[PDB]
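Structure first, then comments.
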Amino acid sequence: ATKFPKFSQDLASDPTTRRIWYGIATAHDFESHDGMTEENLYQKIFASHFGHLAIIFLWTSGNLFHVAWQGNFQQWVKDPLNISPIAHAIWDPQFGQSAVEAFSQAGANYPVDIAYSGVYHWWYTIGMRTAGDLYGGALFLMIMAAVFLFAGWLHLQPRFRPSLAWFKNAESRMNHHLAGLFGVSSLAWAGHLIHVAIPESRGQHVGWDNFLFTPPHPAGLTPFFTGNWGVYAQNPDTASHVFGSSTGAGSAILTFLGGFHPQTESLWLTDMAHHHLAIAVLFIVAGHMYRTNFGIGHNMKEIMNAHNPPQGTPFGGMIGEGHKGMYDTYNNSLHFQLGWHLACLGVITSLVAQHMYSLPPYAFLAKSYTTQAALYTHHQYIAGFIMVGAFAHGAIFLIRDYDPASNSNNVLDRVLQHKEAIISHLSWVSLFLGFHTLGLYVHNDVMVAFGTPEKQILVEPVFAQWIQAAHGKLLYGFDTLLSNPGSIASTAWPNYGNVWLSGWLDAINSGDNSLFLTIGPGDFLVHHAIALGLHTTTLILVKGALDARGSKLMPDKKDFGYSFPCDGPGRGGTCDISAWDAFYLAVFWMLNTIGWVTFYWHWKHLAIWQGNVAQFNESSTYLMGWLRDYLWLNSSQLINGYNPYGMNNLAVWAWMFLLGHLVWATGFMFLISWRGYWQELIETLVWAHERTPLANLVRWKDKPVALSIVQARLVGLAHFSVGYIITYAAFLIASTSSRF
Amino acid sequence: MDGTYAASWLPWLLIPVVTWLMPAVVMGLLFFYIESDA
Amino acid sequence: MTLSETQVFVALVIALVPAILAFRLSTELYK
Amino acid sequence: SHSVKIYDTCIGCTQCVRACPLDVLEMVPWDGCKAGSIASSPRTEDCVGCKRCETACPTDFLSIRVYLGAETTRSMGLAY
Amino acid sequence: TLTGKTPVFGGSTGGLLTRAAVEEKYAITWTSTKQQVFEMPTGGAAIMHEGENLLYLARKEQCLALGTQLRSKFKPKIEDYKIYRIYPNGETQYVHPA
Amino acid sequence: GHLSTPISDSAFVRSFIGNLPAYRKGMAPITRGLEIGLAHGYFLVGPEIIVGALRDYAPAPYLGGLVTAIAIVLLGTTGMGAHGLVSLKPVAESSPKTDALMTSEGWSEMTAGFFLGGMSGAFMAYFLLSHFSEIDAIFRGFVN
Amino acid sequence: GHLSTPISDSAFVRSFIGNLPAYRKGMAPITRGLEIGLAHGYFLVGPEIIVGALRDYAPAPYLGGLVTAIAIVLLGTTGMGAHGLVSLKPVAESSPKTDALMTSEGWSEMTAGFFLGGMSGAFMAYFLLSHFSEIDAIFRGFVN
Ligand code: CLA
Ligand code: CLA
Ligand code: CLA
Ligand code: CLA
Ligand SMILES: CC1=C(/C=C/C(C)=C/C=C/C(C)=C/C=C/C=C(C)/C=C/C=C(C)/C=C/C2=C(C)CCCC2(C)C)C(C)(C)CCC1
Ligand SMILES: CC1=C(/C=C/C(C)=C/C=C/C(C)=C/C=C/C=C(C)/C=C/C=C(C)/C=C/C2=C(C)CCCC2(C)C)C(C)(C)CCC1
Ligand SMILES: CC1=C(/C=C/C(C)=C/C=C/C(C)=C/C=C/C=C(C)/C=C/C=C(C)/C=C/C2=C(C)CCCC2(C)C)C(C)(C)CCC1
Ligand SMILES: CC1=C(/C=C/C(C)=C/C=C/C(C)=C/C=C/C=C(C)/C=C/C=C(C)/C=C/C2=C(C)CCCC2(C)C)C(C)(C)CCC1
Ligand code: SF4
Ligand code: SF4
Ligand SMILES: [Ca+2]
Ligand SMILES: [Ca+2]
């Protein structure tokens, strides 16, 4: 046996190179380790979360420090429409001299990268103006990270090590995280916007020196206690206000306007202050709901036990009974919690993407096209990876932590009993969408190729156009609520508190933002392709989770774990039968789905930004238009980043574009060629080394073997995924930033 | 390679330290950790 | 305007205390 | 090594013993079936994990199950 | 500790490696009534002798694959093969038929 | 066993390979590493001289080949040294008659020899190429 | 006996000090001295470069730091060598299992390693500082 891995005696006695690979791959699976008690597990997770928090704070600190040290943040706030932001400086000694001049851009005389993360637009909106502002922010996140690093070390010391009951007190954790972590932080952020960001948005420098002596409002906290809070909703920043100056500046600190600031095309800062104060009240009072040792409140256990029928419908009845034992199903299983907390975070991460492009919260973000393209694609691919991992840990829970004795005829026991009905109904929706979305695309392709583009089938999306009309859009002419000026929903009859409505209908009928874009027949087909990708990826993940304990091909599948190669070539052959293998197949379908999502977002926005929205409306109904007018047409400036006549600043994206094609294709080797070919090949290399003089003096410590069956599915998926991401990221940024 | 930012001699040293010296030291130390017997 | 040479050198000194504390948390999580 | 488990549903047909290329398995008198013999796995430290025994087993489900465990030089099939 | 003639074979590249010297070895002995031709488990044709034979192989699976060839591919069949595990100190453990 | 080939039954091949400094009987390990190092550092300068980045750099056309060979000898020495630290046992914890390269002190003696030969063979090749116009005047008799 | 302190009961301190080349198990004494010498001769050039008498001498601004480090390594080698000659006994006149740095041949092996590492670490630091304008063009890409 060897030292590594310390946590697995079965792996440390492995004499081959598989021990090194599997020791890396199982290092954070803390439950599989030797001698892992349940509360040593929770304490190691707790300190690991302190380390992950400190990495985030050091990552943010490095973003602030490099923009303050090497960026152009002070020159950018004077003109945020034509200055490009600088991410950091380039130090690459392998550059030639014409690459130094090609990357000396954004008004800098040293090679720089143009930032596309949006940190300039975010730090400008929240009140930062100088490099000294970001530098004190950078120093503060470094001592904050040192605090969390020390706190993780301290809570592993034997005195300060928390007990198992401290980790499972869910009511005290929810009360402290709703009121404190959610509410007080949102309340403190409303405090930052009102005291700092809104004054800095009105030409007024407010820092740590003079924020105790400049009130946020001229009638300061004397009308807050008297209850006449409407004086905090004054004349707002006017329609001629210039952001960052006192020209046209109002004095209100808490408005209810809606729509966008007319210069920045961004949300009002006084609406974002009134947003964060209002939900702080809803979160602080929600943190006073569950009982702790102060005497009243709610046990979460007794609420779920009483919510069986419920019912005002009844519906007695058929479902289920259910919800008995689902407190301890939630509370004993960390894999149930992680699978549940990823499914919530994955919906929220994708909600961030769909709302930050249509309701931009940052000044001049809606005119920085490459940043808006990069931010949407970033948060949709991250939401796709988080969503697949929610189903992965749901399947790990069903193998490792699921108890059919405790969960006996509850809601979770019952979904497994009709599991052939859920999977077969997902299978029909996937087959119905795919047969008819692809059939409609191929039919339109044959019509355009035969020279008859009026025979192609163009179904208008009349249900989603009606929702746009129902939210106040006048382009389709439906004239229901919120586009009817005399409807019950628009007038808001008994209270007339519809203060947002004038700002909302001004912004939704402006034909210049990304707020409820005009959709046509090209938008119909691609939503049904997205629905195909959402349903098929769910089908692979659900069938992986619901067959994780067993099927007819392998009834004892929970005895073999989450991840195993196969069950041999018997019974017909059982390649990729584990629940890990259905994770592996679904990452392919996830990447294809987010591929279809971000292709459509990018092409529709690139058509709008180029002043030719008709090119999307004509070419997106057949698949040659996607290949020619989106993939082929926008590749032109990217692949000319270097050529035999020279290079420009897109040469790094051109080189990364080809690198991504290479990594993606290298993954195909691990996915197509399988193990026993490579093990027999390595056997001749082991022979050649032992028989070669002067080289057989050098002996390996670990016996060289081929990668395992599971490992190369993972290694092949990792090359496929990395090559997928950086190919599109190089193409998205270079096709958008070349013309904008 | 040059810079007009403050202390532009720092990437001159740190990029060889971060990308040559540190990986050779870390791969050296990880080689001792994963190949030490018993 | 960007940082001064003193501000960069202060940040490198300040970076040493999460560097020491991450090293302490590293060896504590290992054992 | 790997874990080879023989269950009580074995019919003593000895086809798994004939199928094993590493001579892991042998028949033990059992009187718990009509044949009176059951499969056993004494030399599991020589088992490679090929699952040729499970392919030969004619009961539904299998009376013999192989559980791939910790890898040794023998179980990885290495001649080096 | 084990007698028998080595089969007539020119050698090959598929035979014993460093593991046979430092970790474990295997030998198969069998008695034959004819000087005939058999296939090596490591590739190639060899000549077995009349009387006792002795062949050193790297793995137990290679010895048992040769014994399967000694059973099913010759007239008459050769059942009497014995397989021994040889350790580097010289300890020779009879492992088949157990 | 092995194959009987006209390369394996060649007496010149066995006398050449067997008397290379890795195998030559009676050598000390410091001398094995020194002879191996001097040969290896000397040729390692050459490639970056002819086709490297400083081949058309007039202030120092030979500096790129020297620091390339130095850093390769550094990583070669460190890899060879780390190899012996994890693979071998010292002379105390081994039996007598134990083939000194199979002990950790003998391997680390060979590692120290490879470093000293490698860098100085690299500096020797660098020094002759840097003084090549004066070596050429020596070899042509322009010094009379 | 000794004190139980959080420095003495520190496992990182004992693994760092115990694997410095003076203490690292399985090293040959020539390799201990070589690694110690290369580290020490390299830094010893530095002080006379920056604040020495030749710091403002245009014909050779780096020669003063080299010959300073050479003469310190000379007196360091001679003092270390004379130390072992008066303090230790040879491998013949000692017992078996005798910790090779406690014998005179092992100490003088370490002395020979310190000389060779020390002068060549000093020449290495001198060579990089003398070619610093060409190292700087390498590190900035003025060689393209
Ligand atoms: C808060 C989020 C979270 C947390 C705490 C966990 C935690 C865990 N997961 Mg889960 N999971 C998550 C999200 C999370 N996951 C997500 C988002 C996915 C979808 C990708 C999954 C899918 C998943 C599967 C299928 C499995 C786990 C497993 C695990 C457990 C062991 C992890 C391990 O040891 O491997 C350490 C991880 C690695 C060694 C992989 C690192 C390399 C990856 C592929 C990234 C490579 C990128 C590369 C370096 C980039 C360079 C590019 C450049 C060179 C060009 C651990 C409990 C395992 C488990 O529980 O077993 C029963 C398991 O089988 N997870
Ligand atoms: C791999 C993970 C990942 C990465 C690298 C990013 C990267 C980014 N995100 Mg995204 N995001 C992600 C996943 C990720 N995201 C997920 C999973 C979600 C859903 C939760 C989001 C939701 C999200 C939103 C809504 C936004 C971003 C934004 C950004 C960008 C700004 C940089 C930043 O976040 O600073 C680091 C940020 C912090 C460290 C925030 C600290 C402040 C916290 C929330 C509260 C602090 C409270 C305080 C301490 C309490 C004191 C109280 C006391 C005084 C009383 C950057 C591109 C922003 C953007 O688009 O910019 C243009 C943006 O608005 N992200
Ligand atoms: C472009 C490549 C491609 C295509 C077309 C498909 C198509 C499909 N996949 Mg697959 N998949 C792919 C790549 C692809 N996949 C890759 C690379 C992986 C990773 C290995 C997967 C992994 C995967 C999993 C894990 C699953 C699927 C499933 C499916 C089916 C989804 C249901 C549906 O939409 O029905 C519509 C049918 C189609 C779109 C295909 C039919 C094409 C036309 C209509 C055929 C016309 C007949 C033709 C002209 C006759 C031949 C001519 C002559 C030679 C006779 C569908 C057949 C799922 C499934 O099968 O559930 C039921 C499923 O669970 N796929
Ligand atoms: C954590 C985020 C982060 C990232 C991604 C970067 C990235 C970079 N830095 Mg910066 N650096 C950071 C934080 C970061 N830095 C902070 C907070 C400071 C202030 C102390 C610096 C001070 C600094 C200087 C002085 C220089 C760089 C330079 C660079 C560039 C070259 C690499 C290098 O030499 O770094 C050098 C690294 C340091 C000096 C220490 C970094 C300290 C961070 C916080 C450590 C982060 C560890 C991380 C959390 C571990 C994550 C886990 C891992 C598995 C991924 C590269 C773009 C060079 C450059 O700008 O070239 C043009 C350069 O000269 N950085
Ligand atoms: C003294 C002095 C100075 C300084 C210097 C130096 C020395 C500095 C540097 C600094 C540095 C160089 C820094 C560093 C930093 C780092 C860091 C800060 C890190 C972090 C890390 C982390 C955080 C980790 C994480 C992790 C992992 C990865 C795994 C495991 C777990 C954990 C979580 C732990 C100067 C010149 C200025 C001035 C004068 C004096
Ligand atoms: C539009 C609108 C609305 C509505 C909304 C709604 C109603 C929504 C909902 C939402 C939803 C409806 C969502 C959902 C989601 C879900 C998900 C995302 C799922 C996931 C799942 C998972 C992942 C699972 C897993 C698992 C398994 C598989 C097994 C066992 C374990 C567990 C459970 C973990 C309103 C009225 C407000 C108004 C405004 C507008
Ligand atoms: C005799 C001789 C020689 C040889 C030498 C040798 C013997 C070497 C060795 C070498 C070596 C001995 C090397 C080593 C390497 C290592 C490496 C390359 C490492 C890597 C690592 C890594 C990459 C890591 C990974 C990881 C882990 C493990 C955990 C987690 C984290 C990470 C992922 C980071 C020469 C050629 C000089 C010349 C002539 C003479
Ligand atoms: C390990 C080592 C080392 C160390 C070394 C040593 C060990 C040294 C030693 C040293 C020595 C060992 C020294 C010696 C010295 C001596 C002296 C300094 C002497 C003096 C003398 C005198 C002064 C004399 C006097 C007199 C007499 C006696 C008589 C009468 C006359 C008269 C008065 C003249 C070093 C640092 C390098 C580095 C690292 C490593
Ligand atoms: S385990 Fe299967 S193959 Fe073996 S004796 Fe029993 S029934 Fe026959
Ligand atoms: S898995 Fe293979 S080696 Fe093991 S008992 Fe079954 S047939 Fe024999
Ligand atoms: Ca050049
Ligand atoms: Ca002077």
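Identifiers in this document derive from the order of the structure tokens: chains are assigned A, B, ..., residues are numbered from 1 separately in each chain, and ligands are numbered from 1 in order of occurrence.
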Task: Distance-based interface of chain B with chain F, 9 Å, counting only C-alpha atoms, as a ChimeraX atom specification - done: /B:24,28,31-32,35-37
TODO: Within 12 Å of chain B, which residues of chain A are there when counting only C-alpha atoms? Please give them as a ChimeraX atom specification.
DONE: /A:1-6,9,11-13,15-24,66-72,88-101,103-104,108-112,700-702
Open item on the list: Show me which residues are within 8 Å of ligand 9 counting only C-alpha atoms and all ligand atoms, and format the list as a ChimeraX atom specification.
Closed with: /D:6-7,9-17,27,37-39,53-54,56-59,62-64
Task: Polymer residues at most 7 Å from segment 267-273 of chain A, only C-alpha atoms, same-chain spacing of 2 or more positions, as a list in words - done: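 Neighbouring residues, sequence-local ones excluded: residues 190, 193, 194, 198, 253, 254, 255, 256, 257, 259, 260, 261, 275, 276, 277, 359, 360 and 361 of chain A.
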Any idea what's packed within 10 Å of residue 92 of chain E, counting only C-alpha atoms, ignoring anything in its chain fewer than 3 positions away? Could you give it as a PDB file with N, CA and C atoms, in the first residue's frame?
```pdb
ATOM      1  N   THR E   1      12.491 -28.351  -8.105  1.00  0.00           N
ATOM      2  CA  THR E   1      11.381 -28.991  -7.412  1.00  0.00           C
ATOM      3  C   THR E   1      10.383 -29.589  -8.403  1.00  0.00           C
ATOM      4  N   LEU E   2      10.435 -29.136  -9.653  1.00  0.00           N
ATOM      5  CA  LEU E   2       9.564 -29.634 -10.711  1.00  0.00           C
ATOM      6  C   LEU E   2      10.420 -30.061 -11.893  1.00  0.00           C
ATOM      7  N   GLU E  24       5.773 -13.002  -8.847  1.00  0.00           N
ATOM      8  CA  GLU E  24       5.093 -14.292  -8.917  1.00  0.00           C
ATOM      9  C   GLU E  24       5.327 -14.886 -10.292  1.00  0.00           C
ATOM     10  N   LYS E  25       5.280 -16.211 -10.362  1.00  0.00           N
ATOM     11  CA  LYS E  25       5.488 -16.947 -11.598  1.00  0.00           C
ATOM     12  C   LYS E  25       4.506 -18.105 -11.636  1.00  0.00           C
ATOM     13  N   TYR E  26       4.405 -18.747 -12.794  1.00  0.00           N
ATOM     14  CA  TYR E  26       3.502 -19.874 -12.960  1.00  0.00           C
ATOM     15  C   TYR E  26       4.146 -20.905 -13.868  1.00  0.00           C
ATOM     16  N   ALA E  27       3.968 -22.177 -13.533  1.00  0.00           N
ATOM     17  CA  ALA E  27       4.437 -23.268 -14.370  1.00  0.00           C
ATOM     18  C   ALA E  27       3.326 -24.286 -14.549  1.00  0.00           C
ATOM     19  N   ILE E  83      -0.719 -27.092 -12.351  1.00  0.00           N
ATOM     20  CA  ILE E  83      -0.307 -25.694 -12.407  1.00  0.00           C
ATOM     21  C   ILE E  83       0.224 -25.290 -11.041  1.00  0.00           C
ATOM     22  N   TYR E  84       1.388 -24.651 -11.029  1.00  0.00           N
ATOM     23  CA  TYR E  84       2.092 -24.285  -9.810  1.00  0.00           C
ATOM     24  C   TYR E  84       2.368 -22.791  -9.809  1.00  0.00           C
ATOM     25  N   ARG E  85       2.191 -22.154  -8.657  1.00  0.00           N
ATOM     26  CA  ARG E  85       2.535 -20.750  -8.479  1.00  0.00           C
ATOM     27  C   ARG E  85       3.898 -20.657  -7.805  1.00  0.00           C
ATOM     28  N   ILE E  86       4.868 -20.065  -8.494  1.00  0.00           N
ATOM     29  CA  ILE E  86       6.242 -19.980  -8.009  1.00  0.00           C
ATOM     30  C   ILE E  86       6.513 -18.555  -7.554  1.00  0.00           C
ATOM     31  N   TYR E  87       6.908 -18.415  -6.311  1.00  0.00           N
ATOM     32  CA  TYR E  87       7.292 -17.183  -5.649  1.00  0.00           C
ATOM     33  C   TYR E  87       8.789 -16.945  -5.830  1.00  0.00           C
ATOM     34  N   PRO E  88       9.273 -15.696  -5.683  1.00  0.00           N
ATOM     35  CA  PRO E  88      10.703 -15.431  -5.946  1.00  0.00           C
ATOM     36  C   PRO E  88      11.664 -16.080  -4.962  1.00  0.00           C
ATOM     37  N   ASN E  89      11.230 -16.394  -3.741  1.00  0.00           N
ATOM     38  CA  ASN E  89      12.096 -17.102  -2.806  1.00  0.00           C
ATOM     39  C   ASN E  89      12.317 -18.556  -3.203  1.00  0.00           C
ATOM     40  N   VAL E  95      -1.425 -25.137  -7.302  1.00  0.00           N
ATOM     41  CA  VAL E  95      -2.697 -24.428  -7.264  1.00  0.00           C
ATOM     42  C   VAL E  95      -3.773 -25.071  -8.130  1.00  0.00           C
TER      43      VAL E  95
END
```
TODO: Please determine the contact residues of chain E with respect to chain F at a cut-off of 12 Å, counting only C-alpha atoms, and supply them as an MDAnalysis selection string.
DONE: chainID E and resid 6:17 20 40 42 55:58
Task: Contacts with ligand 12 at most 10 Å, only C-alpha atoms and all ligand atoms counted, listed as number ranges by chain - done: G: 51-58, 61
Return as a tab-separated table the residues of chain D lying at most 9 Å from chain E, together with the closest atom-to-atom pair for each and the distance in Å to one decimal, counting only C-alpha atoms, with rows in chain order and ascending residue number.
```
residue	atom	partner	partner_atom	distance
D:21	CA	E:61	CA	6.4
D:22	CA	E:61	CA	5.5
D:23	CA	E:64	CA	7.8
D:46	CA	E:60	CA	8.2
D:74	CA	E:59	CA	8.1
D:77	CA	E:59	CA	7.8
D:78	CA	E:59	CA	7.7
D:79	CA	E:58	CA	5.6
D:80	CA	E:19	CA	5.0
```
Store the residues picked out above in a file with N, CA and C atoms, as a PDB file, in the first residue's frame.
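As a result, result_23.pdb now contains:
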```
ATOM      1  N   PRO D  21     -12.500 -18.983 -16.639  1.00  0.00           N
ATOM      2  CA  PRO D  21     -11.164 -19.145 -17.212  1.00  0.00           C
ATOM      3  C   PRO D  21     -10.040 -19.031 -16.201  1.00  0.00           C
ATOM      4  N   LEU D  22     -10.346 -18.744 -14.940  1.00  0.00           N
ATOM      5  CA  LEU D  22      -9.330 -18.587 -13.912  1.00  0.00           C
ATOM      6  C   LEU D  22      -9.397 -19.657 -12.838  1.00  0.00           C
ATOM      7  N   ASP D  23     -10.304 -20.630 -12.981  1.00  0.00           N
ATOM      8  CA  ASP D  23     -10.554 -21.704 -12.014  1.00  0.00           C
ATOM      9  C   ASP D  23     -10.833 -21.156 -10.616  1.00  0.00           C
ATOM     10  N   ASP D  46      -8.092 -14.883  -7.198  1.00  0.00           N
ATOM     11  CA  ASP D  46      -7.656 -15.052  -8.571  1.00  0.00           C
ATOM     12  C   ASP D  46      -8.715 -14.625  -9.582  1.00  0.00           C
ATOM     13  N   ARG D  74      -3.510  -9.429  -9.895  1.00  0.00           N
ATOM     14  CA  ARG D  74      -4.199 -10.594 -10.437  1.00  0.00           C
ATOM     15  C   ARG D  74      -5.531 -10.210 -11.069  1.00  0.00           C
ATOM     16  N   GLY D  77      -5.530  -8.562 -14.451  1.00  0.00           N
ATOM     17  CA  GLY D  77      -5.088  -9.399 -15.550  1.00  0.00           C
ATOM     18  C   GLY D  77      -3.746  -9.022 -16.126  1.00  0.00           C
ATOM     19  N   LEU D  78      -2.841  -8.509 -15.302  1.00  0.00           N
ATOM     20  CA  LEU D  78      -1.574  -7.984 -15.782  1.00  0.00           C
ATOM     21  C   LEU D  78      -0.514  -9.075 -15.782  1.00  0.00           C
ATOM     22  N   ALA D  79       0.186  -9.208 -16.903  1.00  0.00           N
ATOM     23  CA  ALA D  79       1.358 -10.064 -17.001  1.00  0.00           C
ATOM     24  C   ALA D  79       2.645  -9.318 -16.678  1.00  0.00           C
ATOM     25  N   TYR D  80       2.542  -8.120 -16.115  1.00  0.00           N
ATOM     26  CA  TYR D  80       3.706  -7.333 -15.741  1.00  0.00           C
ATOM     27  C   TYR D  80       3.518  -6.738 -14.352  1.00  0.00           C
TER      28      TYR D  80
END
```
TODO: Do me a favour and pick out the residues of chain A within 10 Å of chain E, using only C-alpha atoms, as a PyMOL selection string.
DONE: chain A and resi 683-684+686-688+690-691
How would the residues just chosen look if you wrote them out with N, CA, C and O atoms as a PDB file, in the first residue's frame?
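For reference, again_12.pdb as written:
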```pdb
ATOM      1  N   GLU A 683       0.338  -2.808 -23.242  1.00  0.00           N
ATOM      2  CA  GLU A 683       1.105  -4.026 -22.995  1.00  0.00           C
ATOM      3  C   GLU A 683       2.322  -4.162 -23.905  1.00  0.00           C
ATOM      4  O   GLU A 683       3.349  -4.682 -23.467  1.00  0.00           O
ATOM      5  N   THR A 684       2.244  -3.700 -25.155  1.00  0.00           N
ATOM      6  CA  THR A 684       3.440  -3.710 -25.991  1.00  0.00           C
ATOM      7  C   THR A 684       4.394  -2.584 -25.622  1.00  0.00           C
ATOM      8  O   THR A 684       5.600  -2.702 -25.848  1.00  0.00           O
ATOM      9  N   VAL A 686       4.780  -1.494 -22.457  1.00  0.00           N
ATOM     10  CA  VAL A 686       5.409  -2.019 -21.253  1.00  0.00           C
ATOM     11  C   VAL A 686       6.515  -2.999 -21.622  1.00  0.00           C
ATOM     12  O   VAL A 686       7.591  -3.000 -21.009  1.00  0.00           O
ATOM     13  N   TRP A 687       6.281  -3.819 -22.655  1.00  0.00           N
ATOM     14  CA  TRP A 687       7.315  -4.722 -23.146  1.00  0.00           C
ATOM     15  C   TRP A 687       8.508  -3.952 -23.693  1.00  0.00           C
ATOM     16  O   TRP A 687       9.656  -4.313 -23.425  1.00  0.00           O
ATOM     17  N   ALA A 688       8.255  -2.893 -24.466  1.00  0.00           N
ATOM     18  CA  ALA A 688       9.340  -2.176 -25.123  1.00  0.00           C
ATOM     19  C   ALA A 688      10.209  -1.417 -24.136  1.00  0.00           C
ATOM     20  O   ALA A 688      11.415  -1.300 -24.356  1.00  0.00           O
ATOM     21  N   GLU A 690      10.815  -2.314 -20.908  1.00  0.00           N
ATOM     22  CA  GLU A 690      11.595  -3.280 -20.149  1.00  0.00           C
ATOM     23  C   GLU A 690      12.709  -3.914 -20.973  1.00  0.00           C
ATOM     24  O   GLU A 690      13.694  -4.376 -20.396  1.00  0.00           O
ATOM     25  N   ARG A 691      12.590  -3.929 -22.296  1.00  0.00           N
ATOM     26  CA  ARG A 691      13.605  -4.508 -23.159  1.00  0.00           C
ATOM     27  C   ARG A 691      14.537  -3.475 -23.772  1.00  0.00           C
ATOM     28  O   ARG A 691      15.465  -3.855 -24.485  1.00  0.00           O
TER      29      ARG A 691
END
```
Task: Nearby residues, ligand 2, 6 Å, only C-alpha atoms and all ligand atoms, as a list in words - done: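 Written in the requested form, the residues are residues 57, 60, 117, 118, 119, 122, 184, 185, 188, 345, 348, 349 and 352 of chain A.
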TODO: Skip residue 29 of chain G itself and residues of its chain fewer than 2 positions away, then list as a list in words all residues within 10 Å of it, counting only C-alpha atoms.
DONE: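 In the requested format, the answer is residues 105, 108, 109 and 112 of chain F; 21, 22, 26, 27, 31, 32, 33, 34, 100, 101, 105, 106, 107, 108, 109, 110, 111, 112, 113 and 114 of chain G.
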What are the closest atom pairs, with distances in Å to one decimal, for all residues of chain A lying within 6 Å of chain D? Consider only C-alpha atoms, order rows by chain and residue number, and present the result as CSV.
```
residue,atom,partner,partner_atom,distance
A:10,CA,D:70,CA,5.2
A:14,CA,D:71,CA,5.6
A:570,CA,D:55,CA,4.8
```
